[PDB]
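Bear in mind that the values in this text are calculations on the coordinates, not laboratory data. In this analysis, Cβ positions are derived from the backbone assuming ideal geometry, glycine residues included, and neighbour counts consider all displayed protein chains.
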RNA sequence: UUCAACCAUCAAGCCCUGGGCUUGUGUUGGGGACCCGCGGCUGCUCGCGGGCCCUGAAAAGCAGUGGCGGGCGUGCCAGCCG
């Protein structure tokens, strides 16, 4: 398709101008409460 | 032409477990990975050409 | 002279602004 | 739909037909490409034309690699319009430009054997060459007695 | 914290700072020693040298087993070399004191029993072959045991050499060890009857014979002239088999 | 090759270039060099040789003091520069204007404009034989498309691991180095290429006819015996020419064939 | 995605290797060497990769024993950018065979846990034990080729894998081409 | 460390009776520090200026592109004050500048300056004068698109 | 998802004692006048190699010659020869 072919062109341009590290992991949180992390005492 | 029998490493490990310097545990070949979600960075989202 | 040296030394027509006389 | 032709220049040494095809195939499907090369030694003239199937993809690739600094070369990528893209641009495209040793052609042609009539006309022609050179030397104030070539 | 500083230096590209911070880490792969020093732990665990001699059975079996393994991430090659060197120093002490008493060839290995200061010391050494590391053992905690046991055996060797009045550590010839001297790479020097059973004989060990146990037993029971084949290693009294001074020859060929 | 015809050609072409320059006049006469053109019956070499051969002359070339001599040596350049400052005679000290090692040459003159500037800043380039194989890549086609200023091979090795340049330079004695440098600056250059035509320097316009003739005959002599393959039956024609004058024949052969086996009926 | 600089670098590496192989072929022209496969360029020319297949250096950190002949010297000179080779000593040969020695029987890898395996596999040649094998390998006997064919290539380790900030770094850095002579023994000690 | 051996070598030279210039050469380093770089730009000594994109407060560098444009200095905005700090052996550098490089890097500096001039300045010459921001939220854009679609349908 | 460096910073062979000789192929692309030698072209001219200048590592069709093998007769070879 023309839309997919254009999307391939944009993806190639993005990889050429910015690199291939396009994604980042985010933690899955089963709970809504944020707790203070436990550190060394 | 003597064929050695047994494993001396396993014998020493069994000796340690029997004498009680440590307890018998099994190998964990794969550990459970942290549950994460992959998302695209803001700069790569806002890239326009 | 060199073209590379001319490119490095290329500036504008504005005179340089000096805060004080330098030794 | 409409084909898109991109003219690329300032090509560094090593950035040739196969590299261009493999690189711009990531951008999109390439139908034709031709790197302008020298006739005498086979070396490139640091420019090429790539004809993509899609003009939008060609335009995107040109805007991506316009003024790209590659191996000390600031690459030039422009899109030629369909109005003045030349109809004779892509003969010799999509195939290897072989390197022919014209030096070795001259060597084997000069060392190959011939026929007796051919050396007779060679003796004759070299005699008229000597005669013309002697006529030119006559105004020079110089005289040279050239021995006549014996015929085989 | 030092490893975090090393990671920061490597991420910022300061290779000189990274190397300078890395030399303070005391890595086992570059020192041959444990990463963490257990000298204060040795005195706590063994109040008496008699208790050290009583745990020498486990220590010697452990280190003689890990003298012959390939290098791993837990136990590096330099650590294995230090194991072999400590075992060779202990064997040299047994040779010069004639403390070796009994030996046995079992289907599992070679059992050695010696007597040091009235304490019977029995340990097992594998035959020199390719030892198999299986997944049924905890090799990393075995390496921790190795670190503790070399830390013990170093002080045991130092005390024994000082008690017999010899300088410790012994002079070690890297060129001879490179050529394959094994026990012959050590030269013992002074500081500042079953023991003479093989004293008057001259032995020649063939290549198919177990060189390290034969040499250790003969030198501990009084033999002073032992030669062998050139491929068995440097340090032989003689190499040619046609030497007329040879009295006994050990062969195991059909 | 008769020398009377050679000297007659010498007066002829000298009179021609004088009457051509007469149409500063003395400066226009000066710095006009003389070319000896050899045509062979075969290509003189099977591939492009980029190391010029040296021919020793009784009357040396480049004797003028206005020339610039650039010397390329192995690492370090420090030993050779202190040698230039201390233990060469004053004429060679004034003639040598730049001493640069291979490392600094590759570091500073990778640019084509840098190579062309170095080409224009000097007249004659001498190069040590330990590094002359790496000089085509370092100097590019600027120094080797034209055979006028190709680096002349000189031997600076002390004639008998990785050598440390600061500790030792593998140095051969300096007065005989001076002799080698003057021999190289006096020797003429012959360039071997896959061609039936070669050109060798024999003299300048203001030089006198009998030393021109002596240079021509001796350059012909060692050129035929040493470097031209299959010698005289491969030699076809000899010409002497200026930059703007036509060929002046000296020796024209009777045969056009290298051997009788090529003659096939 | 692959970069244009990577394409240019690969083309220049291939043409430089082609020039080097042409120089070796136009230039043409009995000890024991230990050869260790290291990391080089990604694309390998067909003749060096066939020489690597014959020398069984397919994987990184594989070590083999080679008898120095004219043909073997030419092959090593060809595959110099992908190998590190030197003269092993008696201690290196002994430690490699005793610690990491594996045998090739029926196409499988079996460790040398006994002299018996050598006895049924090389006993027709007089090699009946591990020290006979060591003698043949070290002294380069008449049966060195069959001994090296029996011996599996040695899988050496990566000491940098023991230290976390440089866990991904290769132990042997490429660039020091040519024979390392006796300095291959330090690499054997560190990797064995 | 390198400064320590340099001072020790200069101390030995002045002990045996030579000037520090006799044993030490002219240095070529990356100029950094905001006041230093601003002075170099004003005196037209800097040949290339790199300005970090995330300087907080932004008033420290908000005038630097205009100053470089007035004084005819090639400038470029780059990502990472920490990235410049890795160059200048610091945690953070707001701006760095090249005044002079060595003779081995004349060509590389000139080519980098030309690449900057043709690939950054000419591309941002017209985008630098436009107003930024003004982006609506996700729900706001969805509501606005639905409203315009309803208006077009009705 | 490294645009680094890496040829010989000397070797081998001759003379046989003099320090000399041989080999080790290794070049960005164009433009402008202009003297030439040689090989085809009836000839003009076209090629080969030389000579004199200019240039940011500069660039806007004009693609040209006989084949071995390999791939599917061939505007295919990250394979070569003539």
Anything in the range G:115-153 that is out of contact with any strand residue (DSSP E or B) (no Cβ under 7 Å at 6 or more places or on another chain), assigned to a loop (DSSP other than H, G, I, E, B) and within 22 Å of residue E:179 (Cα to Cα)? List them, or say none.
G:129, G:141
Could you name every one of the strands (runs of 3 or more DSSP E) located completely within the range G:42-114 that has at least 3 residues being surrounded by fewer than 17 Cβ atoms within 10 Å (Cβ to Cβ)?
G:108-111
Filter the range D:38-56 for residues that are within 14 Å of chain A (Cβ to nearest Cβ) and in contact with a strand residue (DSSP E or B) (Cβ under 7 Å, 6 or more places away or on another chain); the one that is farthest from RNA strand I (Cβ to nearest atom) is D:54
Which one is farthest from the chain's Cα centre (by Cα), of the residues in the range F:1-32 that are assigned to a loop (DSSP other than H, G, I, E, B) and farther than 20 Å from residue F:217 by Cβ?
F:23
Spot the failing condition for residue G:142; the list is (1) farther than 21 Å from residue G:100 by Cβ; (2) within 13 Å of another protein chain (Cβ to nearest Cβ), and only one is missed.
(2)
Expected output for the range G:99-126 (first residue on the phi > 0 side of the Ramachandran plot, partner part of a helix (DSSP H, G or I), Cβ below 8 Å, 6+ apart or cross-chain) is G:126/G:132
Here the residues within the range D:134-152 that are closer than 20 Å to residue F:41 by Cα and either exposed (fewer than 11 other Cβ atoms within 10 Å of the Cβ) or more than 7 Å from every other protein chain (Cβ to nearest Cβ) (or both) are D:147, D:148, D:150, D:151
Within the range F:45-65, of all residues that are assigned to a loop (DSSP other than H, G, I, E, B) and near RNA strand I (Cβ under 9 Å from one of its atoms), the one surrounded by the fewest Cβ atoms within 10 Å (Cβ to Cβ) is F:47
I need the full set of residues from the range F:91-139 which are within 7 Å of RNA strand I (Cβ to nearest atom), within 14 Å of chain H (Cβ to nearest Cβ) and in a loop (DSSP other than H, G, I, E, B), in order please.
F:110, F:111
So how many residues does the range G:6-41 have that are within 14 Å of chain A (Cβ to nearest Cβ) and either surrounded by 15 or more Cβ atoms within 10 Å (Cβ to Cβ) or not in a helix (DSSP H, G or I) (or both)?
1
Could you list, in sequence order, the residues of the range H:88-108 that are within 14 Å of chain D (Cβ to nearest Cβ) and either crowded, with 19+ Cβ neighbours inside 10 Å or not in a helix (DSSP H, G or I) (or both)?
H:104, H:105, H:106, H:107
Condition met for residue F:161 (away from chain D (no Cβ under 14 Å), outside any loop (DSSP other than H, G, I, E, B) and within 12 Å of RNA strand I (Cβ to nearest atom))
no
Filtered residues of the range E:129-145 (kept if away from chain G (no Cβ under 14 Å) and either crowded, with 17+ Cβ neighbours inside 10 Å or over 30 Å from residue G:134 (Cα atoms) (or both))
E:136, E:137, E:138, E:141, E:142, E:144, E:145
Before we move on, is residue E:44 within 14 Å of chain G (Cβ to nearest Cβ), at negative phi, part of a helix (DSSP H, G or I) and surrounded by fewer than 21 Cβ atoms within 10 Å (Cβ to Cβ)?
no
When residue G:2 is run through (1) touching a helix residue (DSSP H, G or I) at 6+ places or on another chain (Cβ under 8 Å); (2) surrounded by fewer than 20 Cβ atoms within 10 Å (Cβ to Cβ); (3) more than 14 Å from chain A (Cβ to nearest Cβ); (4) within 30 Å of residue D:17 (Cα to Cα), the failure sits at (3)
Which residues, counting only those in chain B, are outside any loop (DSSP other than H, G, I, E, B), away from chain A (no Cβ under 14 Å) and surrounded by 10 or more Cβ atoms within 10 Å (Cβ to Cβ)?
B:8, B:9, B:10, B:11, B:12, B:13, B:14, B:15, B:16, B:17
Taking residue E:11 as meeting all but one of (1) assigned to a helix (DSSP H, G or I); (2) at the interface with another protein chain (Cβ under 8 Å from one of its Cβ atoms); (3) over 20 Å from the mean Cα position of the chain (by Cα), write down the number of the exception.
(2)
Can you confirm whether the range G:45-63 contains a residue that is within 14 Å of another protein chain (Cβ to nearest Cβ) and either away from RNA strand I (no atom under 16 Å from the Cβ) or closer than 30 Å to residue A:17 by Cβ (or both)?
yes
Flagged in the range D:65-116 as surrounded by 14 or more Cβ atoms within 10 Å (Cβ to Cβ), within 14 Å of chain H (Cβ to nearest Cβ) and within 7 Å of RNA strand I (Cβ to nearest atom), in numbering order, are D:69, D:70, D:71, D:72, D:73, D:74, D:76
Counted residues in the range A:8-27 being outside any helix (DSSP H, G or I) and away from chain G (no Cβ under 12 Å) come to 5
